[PDB]
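I have placed the structure first, in the form of structure tokens, so that the comments after it can refer back to it.
We name chains A, B, ... by the order of the sequence lines, and we start the count at 1 in each one. Only heavy atoms go into these numbers, but all of them, side chains included; no hydrogens, no water, no symmetry mates.
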Amino acid sequence: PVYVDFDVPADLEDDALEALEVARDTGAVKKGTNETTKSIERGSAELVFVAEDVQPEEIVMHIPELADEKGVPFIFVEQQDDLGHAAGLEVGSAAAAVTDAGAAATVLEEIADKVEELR
RNA sequence: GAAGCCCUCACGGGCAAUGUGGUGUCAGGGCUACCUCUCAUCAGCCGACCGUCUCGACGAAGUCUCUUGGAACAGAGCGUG
Ligand SMILES: [Mg+2]
């Protein structure tokens, strides 16, 4: 909400999650806000996901601007439990980072484009 | 970075990426490359002596003489641990 400056259409979010699932199987992904933050800082992040139902918002507030000054692309997901399930967790996840996609580097790279265009 | 914890005989359930657990805590630590090494620390097992306080068992040698007296545990005499 305060850290969300653009709305991601339902369909875009699905493509994103889908890509994330093939990422945990084919490539590499980081689950959890602390491990995600470190990707963006270490530059190893290619696409970071951030839930929008995070309370307190403090936990994720920094992702956006941090991602911006690091060139890393990011996309918002409405449900926290969807991101966690997509990432492969039995629990939810406030943030995730596809650390080097897998059999999705295409669809992925394009999701990053659609979002950059989503302003 | 799920390698973790709780409940339950089990099955099974719950917690946990908003981080369970590993590492680590100024002899600073982590990371990288090395040297040596552990006897520090932490976790868990076993598990007292002595002392002190109280309680309890066992525990030596006269119940002799005369006098006074209601009564000798008194006086005089003899004897014991
Ligand atoms: Mg510890």
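Taking the P atoms as reference points, B/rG29 lies 10 Å from B/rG24, given to the whole Å. If you take atom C1' in B/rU18 and the same atom in B/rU36, they sit 43 Å apart, rounded to whole Å. With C1' as the reference atom, B/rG14 and B/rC34 are 48 Å apart, rounded to whole Å. Spacing of P atoms, B/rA2 relative to B/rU25, comes out at 24 Å, to the nearest Å.
A 3.5 Å limit on both hydrogen-bonding distances identifies no Watson-Crick or G-U partner for B/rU54. B/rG77: Watson-Crick or G-U partner is B/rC64, with both key distances under 3.5 Å.
Listed for the A/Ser93 side chain is no donor-acceptor partner under 3.5 Å among the backbone atoms of A/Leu89. With A/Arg24 contributing its side chain and A/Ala86 its backbone, the two residues share a donor-acceptor pair below 3.5 Å.
A negative value of the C1'-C2'-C3'-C4' torsion places the sugar of B/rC39 in the southern pucker family. A negative value of the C1'-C2'-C3'-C4' dihedral assigns B/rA17 to the south, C2'-endo side. With respect to the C1'-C2'-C3'-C4' torsion, B/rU18 shows a south sugar, the value lying on the negative side. A positive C1'-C2'-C3'-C4' dihedral is found for the sugar of B/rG51, placing it in the north range.
With a 4.5 Å cut-off on side-chain heavy atoms, A/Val107 and A/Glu18 do not count as touching. In this structure, the side chains of A/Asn34 and A/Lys38 come closer than 4.5 Å at one or more pairs of heavy atoms. The shortest side-chain heavy-atom distance between A/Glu41 and A/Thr36 does not fall under the 4.5 Å cut-off. Contact of the A/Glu46 side chain with the A/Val72 side chain is not registered, since no non-hydrogen atoms from C-beta on lie closer than 4.5 Å.
Across residues 61-81 of chain A, A/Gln80 each have a non-hydrogen atom less than 4.0 Å from an atom of RNA chain B (numbered order).
With a glycosidic angle no more than 90° from 0, B/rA17 adopts the syn conformation.
Scanning RNA chain B 5' to 3' for nucleotides with an atom closer than 4.0 angstrom to a non-hydrogen atom of chain A gives a first and last hit of B/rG1 to B/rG19.
Pairing between B/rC15 and B/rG4: present (Watson-Crick or G-U wobble, both distances under 3.5 Å).
For the strand neighbours B/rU38 and B/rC39, base stacking is absent under the 5.5 Å centre-distance and 30-degree plane-angle rule.
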Expected list for residues 73-80 of chain A: side-chain donor-acceptor pairs under 3.5 angstrom, two or more places apart:
none

